[PDB]
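Notes for the one structure printed next.
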RNA sequence: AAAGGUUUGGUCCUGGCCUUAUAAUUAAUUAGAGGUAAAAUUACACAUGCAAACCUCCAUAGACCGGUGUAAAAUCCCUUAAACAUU
Ligand code: FES
Ligand SMILES: [K+]
Ligand SMILES: [K+]
Ligand SMILES: [Mg+2]
Ligand SMILES: [Mg+2]
Ligand SMILES: [Mg+2]
Ligand SMILES: [Mg+2]
Ligand SMILES: [Zn+2]
């Protein structure tokens, strides 16, 4: 073989993306915040099930 | 629209013993003196689909179709034998005898039906019995001791039957699912109710 | 008890192997008893939601 | 395909033609296609009654016991087949569904009797 | 109690093999099948005799008799009766264990009926499904139609009894009622028309002689063996009749007179022969021809 | 089937869950059947797990396995 | 005419006549033989006739042949344990050489039959699937079962087209 | 020609030139110089035995030496030196045949 | 291939091309219905709709199924080791 060549951009992308995750980890106050008028989580827009209202 | 009517329709085997057959065919097969008309030296691998369409006959009728008195019936064994190899017992393919595909399929069914009823002989290989041991004392083919629940008449497992829930537990569910409830169901019928008809 | 077919296969093997007995095969449920469905689960091994806003 | 995650499962693979279904009982990684790559064939199921009026199930009970012992899950249709055979206990919903059918035929019979009684009133009116 | 002789008893197999006979031309008659070009070897008289010896060894294995068994007993065992499933199914389910390394007579084949009963499969059901999943060359899933009484009579007119029996061995099990019915019908037709020669030098002769001895109708086979100058075989048949019926008047008469050879056949004629008058006439004629010519 | 990066439909934004209604007598009977059924099936799955491992050890280090190994060397 | 001398050596039937299947220990078989002489004639025939058959049944064994390196012909087998089995084939017929090596380092008939049976353990006659792997593709082929709709049309009541129409009518 | 001779079952292949005269001369040259079984028994003094697969291991004696039967077995080599035709062997080696081979043809 | 046609004044040799068999697609002309299988110009550009949810909040899933043949002689079979976003 030997025509398979390195992928520097792919390696750089994987590492670089990892750094952003570690620094920009969200917090419990943000992930689990809720809008009680609509019963929907603002961070992700997830609407709670009906049996939990 | 008037195809000829054979006198031997009821008893087809009679024709092959009549003098008319002997004069026309002698002791050779009925397909011996037939040649197919085709371009080239190698013929097509299938014969014509059929020689008779809506009471009309094709240009070069095949051995069966050209002679109307010849009848392909499982009982007419003498005719059927001409289409089976005497040495190998394999039915000849349609190109071999020049019969049309319709009659070849019809002949194959008659040959197989004659063999199934024993009118037409074929070679039966000798095969050993299926099982080396012929004992019938294993539980699979014998009597298994009846289970305790089976003798008493009870279900195999207790939860197979309907067990009325405790009254407190039914109320616990009425609180949990308050506002979205269905009419409470009692014990189901003991047997399957006979289907109304 | 064992299921009806699986019980018959056990009794058949006994007779084939020469073991003569009328004991009823029994399943033991103590080793594999299930927790309630609402039992608290292991939070340490649970996933956490990602930090990409929708 | 090169799957990542998943478990072995025993399920029914649909075969046959249109209006003529036939199933192959197989052990396969759950992420594989229904009729695609499988690990072992453990039997077959013909859901159409034959000339003798019998639906024919074939179970390789030695290999089935082997794969359940190695973590193989079971699909719900296969649990119903193992329950009818007697190799497994009857599935909870097999029992519940049979009870629902009994309660639903009980109503129909009662309605027919009421209709006959209503028809009897029509007979009384003449 | 003196054990009743069996079909596979070394003594019975010896007598049945002898009366059956061997004929390398009949045992190895050409099969009507796809043919291949023959091969040729140059052999001395020593090599040729060695080849004939191997042919006789193979003819012995080819003439191995098929088992003679008593009719199986119907399977009627109910594993369970789950009435909750009554009315939830319209057709019976048949479940077959198809594990490869289980003998077929030790496999579990159960039926879940619409009523909910889980029962063991009958003998007819067991053979049918075992053909569907372990297909045997020669056997068909559904019983063939050649075994109908009218179809069997056609085969008998053509003197195709060895085929009727070879077909009955490929299709049916030895202990099945269909197997016994067909065999007992073929053996009976051979008797009525004196066609004993059809099954000689075949694996089916032993069962035929066995059936006649047990049914006390060896008269025809003795008369035919004597008329063919096979009088050593006829005596062995009377020994087999004196072995399976020890308390019979004929067997007790031979002990009193210590009869041997042709004497045994003469004793049978007077005591237990259904048609003794003919056995003596045929036996006498054989002796006259043998003595007169030689 | 859609990928996680695909945009959601605009005809199903209004969608809200409609939980099934519960029959108290049948829900409880069914909950118990599932608990007892799954315990029986867990007892059978364990027995099958042991037959697999017993057979494996017999093949690996059974009586017959050991004799053949030494028989070959001799 | 097939080229070369004894062209039968280049037929699959001849190559399959070999009976020497080496044990798993055998890894290499070096052949030292002489091209000229009278006591090495059997060795020369063994290289000519038998070495092809041995390699055919033992594809993973390295057979390397050396010519005119020693006064006498011999065979030396190298086993996986590190043992070296020297065999002396001088004044020995090619048939004698084959039988000798079969005895000392050849698998027995019993062992080979067990492997053949084990190889086919996962083929089941009941299994349905493609012709390459299975006898029957579908249960429609079995006698007594419902036939394939393509070959034989199904009854109207067993068809989804018909059942759907009734549900609309109801 | 085979019909005129009376041969009913045979296979033949012709290659090289298709000259009709050379084929007729070549055919009669080969058919008229063949060795019957009775001749082979006399030349070697041994029995000629036939083994058909449809008759099993049954040995069939087709020709016996006219004079004195020998007692020295014919030498049977371990590996014969026969000269083989690639066309004949090619089929048995598993090589795919031509689309024109063994086609369905009318009875000859 | 069981072969055939075709160089010449003629015969023979050599040697190509073509024919006869089988199939797929498109096209011309032609045709009733029914069962079945298959569906295929283009990795060109795309209006519109739909194709992933579930669920007492957490999680899990949307990494599959489905699609195409872009790239690369890229692969097959085999050995060893370790894992899994698993059971
Ligand atoms: S191939 Fe079996 S139903 Fe069509
Ligand atoms: K040419
Ligand atoms: K067109
Ligand atoms: Mg939860
Ligand atoms: Mg078109
Ligand atoms: Mg896919
Ligand atoms: Mg490309
Ligand atoms: Zn015709």
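Cβ sites come from the backbone with ideal geometry, for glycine too, and all protein chains shown count toward neighbours. Taken together, the values in this text are just the output of simple stated rules run on the coordinates, not laboratory data.
Inspect segment C:24-46 for any residue being out of contact with any strand residue (DSSP E or B) (no Cβ under 8 Å at 6 or more places or on another chain), more than 16 Å from ligand 6 (Cβ to nearest atom), part of a helix (DSSP H, G or I) and farther than 29 Å from residue A:42 by Cβ and give the result as yes or no.
So in segment C:24-46, the residues out of contact with any strand residue (DSSP E or B) (no Cβ under 8 Å at 6 or more places or on another chain) come out as C:24-46.
Applying the additional criterion that residues be more than 16 Å from ligand 6 (Cβ to nearest atom) yields C:24-46.
With the extra rule that they be part of a helix (DSSP H, G or I), the set shrinks to none.
Within segment C:24-46, none of the residues are out of contact with any strand residue (DSSP E or B) (no Cβ under 8 Å at 6 or more places or on another chain), more than 16 Å from ligand 6 (Cβ to nearest atom), part of a helix (DSSP H, G or I) and farther than 29 Å from residue A:42 by Cβ.
Could you tell me how many of the residues in segment B:57-78 are away from ligand 8 (no atom under 14 Å from the Cβ) and either outside any loop (DSSP other than H, G, I, E, B) or under 16 Å from residue B:94 (Cβ atoms) (or both)? Quick ask: steps written out before the conclusion?
In the first step, residues of segment B:57-78 are kept if they are away from ligand 8 (no atom under 14 Å from the Cβ); the result is B:69, B:73-78.
So of that shortlist, the ones also either outside any loop (DSSP other than H, G, I, E, B) or under 16 Å from residue B:94 (Cβ atoms) (or both) come out as B:77-78.
Residues flagged as away from ligand 8 (no atom under 14 Å from the Cβ) and either outside any loop (DSSP other than H, G, I, E, B) or under 16 Å from residue B:94 (Cβ atoms) (or both) within segment B:57-78 amount to 2.
Which ranges mark the strands (runs of 3 or more DSSP E) fully within segment E:51-150 that have 3 or more residues being closer than 27 Å to residue G:134 by Cα?
Details: elements: E:78-81, E:92-97, E:109-112, E:117-120.
Ranges flagged: E:92-97, E:109-112.
Kindly indicate whether residue H:58 is surrounded by 10 or more Cβ atoms within 10 Å (Cβ to Cβ), within 8 Å of chain E (Cβ to nearest Cβ) and more than 20 Å from the chain's Cα centre (by Cα).
Working: surrounded by 10 or more Cβ atoms within 10 Å (Cβ to Cβ): yes; within 8 Å of chain E (Cβ to nearest Cβ): yes; more than 20 Å from the chain's Cα centre (by Cα): yes.
Taking the combined requirement at face value, the residue satisfies it.
Please verify whether segment F:37-49 includes one or more residues that are in contact with a helix residue (DSSP H, G or I) (Cβ under 7 Å, 6 or more places away or on another chain), closer than 30 Å to residue D:103 by Cα and within 7 Å of another protein chain (Cβ to nearest Cβ). Show your work before the answer.
The initial filter retains those residues of segment F:37-49 that are in contact with a helix residue (DSSP H, G or I) (Cβ under 7 Å, 6 or more places away or on another chain), namely F:37, F:45, F:48.
Restricting the remaining residues to those that are closer than 30 Å to residue D:103 by Cα gives F:37.
Checking which are within 7 Å of another protein chain (Cβ to nearest Cβ) leaves us with F:37.
Within segment F:37-49 (the criterion being in contact with a helix residue (DSSP H, G or I) (Cβ under 7 Å, 6 or more places away or on another chain), closer than 30 Å to residue D:103 by Cα and within 7 Å of another protein chain (Cβ to nearest Cβ)), the answer is yes, since at least one residue qualifies.
Can you tell me how many residues in segment E:141-157 are more than 7 Å from every other protein chain (Cβ to nearest Cβ) and surrounded by fewer than 19 Cβ atoms within 10 Å (Cβ to Cβ)?
Applying the first criterion (more than 7 Å from every other protein chain (Cβ to nearest Cβ)) to segment E:141-157 yields E:143, E:147-150, E:152-153, E:156-157.
Checking the rest, the ones that are also surrounded by fewer than 19 Cβ atoms within 10 Å (Cβ to Cβ) come to E:143, E:148-150, E:153, E:157.
So the count comes out to 6.
Exactly one of these conditions fails for residue B:110: (1) away from chain H (no Cβ under 14 Å); (2) surrounded by fewer than 20 Cβ atoms within 10 Å (Cβ to Cβ); (3) out of contact with any strand residue (DSSP E or B) (no Cβ under 8 Å at 6 or more places or on another chain); (4) within 28 Å of residue E:155 (Cβ to Cβ). Give me its number.
It fails just one condition, (2).
Picking from H:75, H:80, which residue would you name as being under 19 Å from the mean Cα position of the chain (by Cα) and exposed (fewer than 12 other Cβ atoms within 10 Å of the Cβ)? Lay out the reasoning, then the answer.
Values: H:75 fails: under 19 Å from the mean Cα position of the chain (by Cα).
Testing whether each residue is under 19 Å from the mean Cα position of the chain (by Cα) and exposed (fewer than 12 other Cβ atoms within 10 Å of the Cβ) leaves just H:80.
Residues checked against (1) surrounded by 16 or more Cβ atoms within 10 Å (Cβ to Cβ); (2) more than 13 Å from chain G (Cβ to nearest Cβ):
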site	(1), (2)
E:122	no, yes
E:132	yes, no
E:139	yes, no
E:162	yes, yes
E:169	yes, yes
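Pairs, please: C-beta under 6 Å, at least 6 apart or cross-chain, first residue closer than 16 Å to residue C:51 by Cα and in segment A:18-44, second loosely packed, with under 11 Cβ neighbours inside 10 Å?
Matching pairs, first to second residue: A:43/C:53; A:44/C:54.
Check whether at least one residue in segment E:13-35 is in a loop (DSSP other than H, G, I, E, B) and surrounded by 19 or more Cβ atoms within 10 Å (Cβ to Cβ), and report yes or no. Don't jump to the end; show me each part of the working.
Kept after step one, since they are in a loop (DSSP other than H, G, I, E, B), are these residues of segment E:13-35: E:21-23, E:28-35.
So of that shortlist, the ones also surrounded by 19 or more Cβ atoms within 10 Å (Cβ to Cβ) come out as E:28.
For segment E:13-35, residues in a loop (DSSP other than H, G, I, E, B) and surrounded by 19 or more Cβ atoms within 10 Å (Cβ to Cβ): present.
Only one of these is within 14 Å of chain H (Cβ to nearest Cβ), away from ligand 4 (no atom under 16 Å from the Cβ), in a helix (DSSP H, G or I) and surrounded by 12 or more Cβ atoms within 10 Å (Cβ to Cβ): B:104, B:87. Name it.
Sole residue among the options that is within 14 Å of chain H (Cβ to nearest Cβ), away from ligand 4 (no atom under 16 Å from the Cβ), in a helix (DSSP H, G or I) and surrounded by 12 or more Cβ atoms within 10 Å (Cβ to Cβ): B:104.
For the list (1) without any contact (Cβ under 8 Å) to a residue 24 or more places away in the chain; (2) exposed (fewer than 15 other Cβ atoms within 10 Å of the Cβ); (3) assigned to a loop (DSSP other than H, G, I, E, B), I need the number of the one condition that residue B:172 fails.
Going through (1) without any contact (Cβ under 8 Å) to a residue 24 or more places away in the chain; (2) exposed (fewer than 15 other Cβ atoms within 10 Å of the Cβ); (3) assigned to a loop (DSSP other than H, G, I, E, B) one by one, residue B:172 breaks only (3).
Tell me, yes or no, whether segment C:3-13 has at least one residue that is more than 9 Å from every other protein chain (Cβ to nearest Cβ), more than 16 Å from ligand 6 (Cβ to nearest atom) and loosely packed, with under 10 Cβ neighbours inside 10 Å. Explain how you work it out, then say what you get.
If we filter segment C:3-13 for residues that are more than 9 Å from every other protein chain (Cβ to nearest Cβ), which is where we start, we get C:10.
From what's left, more than 16 Å from ligand 6 (Cβ to nearest atom): C:10.
Subsequent filtering for residues that are loosely packed, with under 10 Cβ neighbours inside 10 Å retains none.
No, every residue in segment C:3-13 fails to be more than 9 Å from every other protein chain (Cβ to nearest Cβ), more than 16 Å from ligand 6 (Cβ to nearest atom) and loosely packed, with under 10 Cβ neighbours inside 10 Å.
Could you look through segment G:1-27, keep only residues that are over 23 Å from residue G:110 (Cβ atoms) and assigned to a loop (DSSP other than H, G, I, E, B), and pick out the one that is nearest to the chain's Cα centre (by Cα)?
Residue satisfying both the conditions and the ranking: G:11.
Filter segment H:83-108 down to the residues that are within 14 Å of chain B (Cβ to nearest Cβ) and either loosely packed, with under 10 Cβ neighbours inside 10 Å or within 30 Å of residue E:44 (Cβ to Cβ) (or both) and list them by number. First the steps, then the outcome.
Looking only at segment H:83-108, we keep the residues that are within 14 Å of chain B (Cβ to nearest Cβ), and these are H:98-108.
Result: H:98, H:99, H:100, H:101, H:102, H:108.
Look at residue B:151 and say whether it is surrounded by 13 or more Cβ atoms within 10 Å (Cβ to Cβ), more than 24 Å from the chain's Cα centre (by Cα) and assigned to a helix (DSSP H, G or I).
Numbers: surrounded by 13 or more Cβ atoms within 10 Å (Cβ to Cβ): no; more than 24 Å from the chain's Cα centre (by Cα): yes; assigned to a helix (DSSP H, G or I): yes.
No.
Can you name every residue in segment B:113-135 that is closer than 30 Å to residue E:77 by Cβ and either more than 14 Å from chain C (Cβ to nearest Cβ) or buried (at least 16 other Cβ atoms within 10 Å of the Cβ) (or both)?
Our first condition is that a residue be closer than 30 Å to residue E:77 by Cβ; within segment B:113-135, this holds for B:128-135.
Within segment B:113-135, B:128, B:129, B:130, B:131, B:132, B:134 qualify.
Taking segment G:41-68 only, how many residues are under 13 Å from residue G:93 (Cβ atoms) and touching a strand residue (DSSP E or B) at 6+ places or on another chain (Cβ under 8 Å)?
The total comes to 3.
Wholly within segment E:209-294, which helices (runs of 4 or more DSSP H) include no fewer than the required count, namely at least 1 residues that are within 23 Å of the chain's Cα centre (by Cα) and surrounded by 13 or more Cβ atoms within 10 Å (Cβ to Cβ)? If you could, list the steps in order and put the result at the bottom.
Values: elements: E:219-227, E:231-244, E:249-257, E:262-271, E:276-293.
It comes to E:219-227, E:231-244.
Going residue by residue through segment B:25-40, is there one that turns out to be away from chain H (no Cβ under 14 Å), more than 16 Å from ligand 4 (Cβ to nearest atom) and part of a helix (DSSP H, G or I)? So that I can check it myself, show each step before the final result.
So the first thing to find is which residues in segment B:25-40 are away from chain H (no Cβ under 14 Å), and the list is B:25-27, B:39.
From the residues that got through so far, the ones that are more than 16 Å from ligand 4 (Cβ to nearest atom) too are B:25-27, B:39.
This time we only want the ones that are part of a helix (DSSP H, G or I), so: B:25.
Taking every residue of segment B:25-40 in turn, at least one turns out to be away from chain H (no Cβ under 14 Å), more than 16 Å from ligand 4 (Cβ to nearest atom) and part of a helix (DSSP H, G or I).
Report those strands (runs of 3 or more DSSP E) wholly inside segment G:43-162 carrying at least 3 residues which are surrounded by 11 or more Cβ atoms within 10 Å (Cβ to Cβ) and either touching a residue at least 40 places away in the same chain (Cβ under 8 Å) or more than 25 Å from the chain's Cα centre (by Cα) (or both).
Once the strands (runs of 3 or more DSSP E) in segment G:43-162 are filtered for at least 3 residues that are surrounded by 11 or more Cβ atoms within 10 Å (Cβ to Cβ) and either touching a residue at least 40 places away in the same chain (Cβ under 8 Å) or more than 25 Å from the chain's Cα centre (by Cα) (or both), what remains is G:74-79, G:84-88.
So is residue C:16 farther than 25 Å from residue B:157 by Cβ, away from chain D (no Cβ under 14 Å), more than 16 Å from ligand 8 (Cβ to nearest atom) and out of contact with any helix residue (DSSP H, G or I) (no Cβ under 8 Å at 6 or more places or on another chain) or not?
Values: farther than 25 Å from residue B:157 by Cβ: yes; away from chain D (no Cβ under 14 Å): yes; more than 16 Å from ligand 8 (Cβ to nearest atom): yes; out of contact with any helix residue (DSSP H, G or I) (no Cβ under 8 Å at 6 or more places or on another chain): no.
It is false that residue C:16 is farther than 25 Å from residue B:157 by Cβ, away from chain D (no Cβ under 14 Å), more than 16 Å from ligand 8 (Cβ to nearest atom) and out of contact with any helix residue (DSSP H, G or I) (no Cβ under 8 Å at 6 or more places or on another chain).
Kindly check whether there is at least one residue in segment H:1-17 that is surrounded by 15 or more Cβ atoms within 10 Å (Cβ to Cβ) and either part of a helix (DSSP H, G or I) or more than 8 Å from every other protein chain (Cβ to nearest Cβ) (or both).
From segment H:1-17, those surrounded by 15 or more Cβ atoms within 10 Å (Cβ to Cβ) are none; that's our starting set.
No; the residues of segment H:1-17 include none that is surrounded by 15 or more Cβ atoms within 10 Å (Cβ to Cβ) and either part of a helix (DSSP H, G or I) or more than 8 Å from every other protein chain (Cβ to nearest Cβ) (or both).
Rundown of residues vs (1) free of Cβ contacts under 8 Å to residues at least 12 places away in the same chain; (2) within 14 Å of chain F (Cβ to nearest Cβ); (3) in a loop (DSSP other than H, G, I, E, B); (4) under 16 Å from the mean Cα position of the chain (by Cα), yes/no style:
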| position | (1), (2), (3), (4) |
| --- | --- |
| D:13 | no, no, no, yes |
| D:35 | no, no, yes, no |
| D:45 | no, no, no, yes |
| D:67 | no, yes, no, no |
| D:70 | no, yes, yes, no |
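Taking segment B:118-148 on its own, how many of its residues are closer than 30 Å to residue E:149 by Cβ and in a loop (DSSP other than H, G, I, E, B)?
Looking only at segment B:118-148, we keep the residues that are closer than 30 Å to residue E:149 by Cβ, and these are B:118-131, B:134, B:136, B:141.
Within this subset, residues satisfying the condition of being in a loop (DSSP other than H, G, I, E, B) are B:118-131, B:134, B:136.
Matching residues across segment B:118-148 total 16.
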